[PDB]
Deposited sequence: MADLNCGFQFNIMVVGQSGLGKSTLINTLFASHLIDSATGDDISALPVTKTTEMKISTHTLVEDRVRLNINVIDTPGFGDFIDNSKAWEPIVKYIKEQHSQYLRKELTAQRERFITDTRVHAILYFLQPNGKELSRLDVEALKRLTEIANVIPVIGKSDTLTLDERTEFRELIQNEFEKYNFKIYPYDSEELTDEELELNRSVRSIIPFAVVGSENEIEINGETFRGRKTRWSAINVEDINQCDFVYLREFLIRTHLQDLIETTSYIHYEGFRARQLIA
């Protein structure tokens, strides 16, 4: 049971914290940390892959993309990401076509991309448009507002509505997808989740105390955030959507939509 999840976004949007909050364990460190010298010396995006085993039983690759949007010149920022995703499809196709095929092919294809938007209230930057227009066509892209506690509720509403109009303006395919095979109950679940994408997430690996009650979140000179409060942020909806309700559909659509499209394009080239 394999599930490969990629995080894309500039350094310091909370990408590693979110992953660790979703799976309730310290899976990954921040790809760059507080050390600027940890940025790739090549001055391009690099893939950072780690492997994990969770419980029901679940084998996970986490792919981070250090260097994405972090440099002065980001004009090739998405190409190593595109190359990695396509390489996984090419590997699987190679294995499918061999004469003495393996009985069980390992699936390294990227099943989900958490794409982190800055919570700046602005339309999609040039970088985001170029990367999204390519990534949405080869992987299940789930947009996320990083550090969404930047926004008041009013600003959050305005920003999320603006981003959804951007998605329509550019005609991006955004997960989840509706299909005619879906029952009316499944379409309504899709419609209600879609209405809060990009997810307004807050991440934290630390527990804080509020009136003796211990939950995990963030405590400051002025603030106390409960990450598992659906009234404060969408972290709980993202977790249920990724790991419970749409996990299998994320794996299936990777195969019968993205990989089949890739495979057909390869076999006529």
Check: Tell me, which runs of residues in the deposited sequence have no coordinates at all?
Finding: 1-7, 63-65
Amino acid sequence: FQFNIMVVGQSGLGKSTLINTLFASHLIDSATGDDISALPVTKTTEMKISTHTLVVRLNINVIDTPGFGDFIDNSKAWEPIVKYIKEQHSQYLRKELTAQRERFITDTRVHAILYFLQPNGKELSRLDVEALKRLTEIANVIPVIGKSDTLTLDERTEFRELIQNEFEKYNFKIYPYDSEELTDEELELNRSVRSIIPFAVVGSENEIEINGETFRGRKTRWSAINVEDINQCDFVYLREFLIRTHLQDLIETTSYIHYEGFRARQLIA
From here on, numbers count along this sequence of modelled residues.
Notebook entry, point to check: Taking the recorded C-alpha temperature factors, which stretch has the higher mean, 98-106 or 174-182?
Noted result: 174-182
Margin query: Test of understanding: from the entry's C-alpha B-factors, which stretch has the higher mean, 76-84 or 162-170?
Written below: 162-170
Margin query: By the CA temperature factor listed in this entry, which of these ranks top: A31, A200, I208, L27?
Written below: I208
Check: Considering only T65, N61, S204, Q232, which residue's Cα atom bears the greatest B-factor as recorded?
Finding: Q232
Check: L127: which third of its chain by C-alpha temperature factor?
Finding: middle
Check: What third of its chain's C-alpha B-factors does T44 belong to: lowest, middle or highest?
Finding: middle
Notebook entry, point to check: What third of the chain, by the recorded C-alpha B-factor, contains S192?
Noted result: highest
Check: What third of its chain, lowest, middle or highest, does the C-alpha temperature factor of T253 fall into?
Finding: middle
Notebook entry, point to check: Lowest, middle or highest third: where is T245 by Cα B-factor in its chain?
Noted result: highest
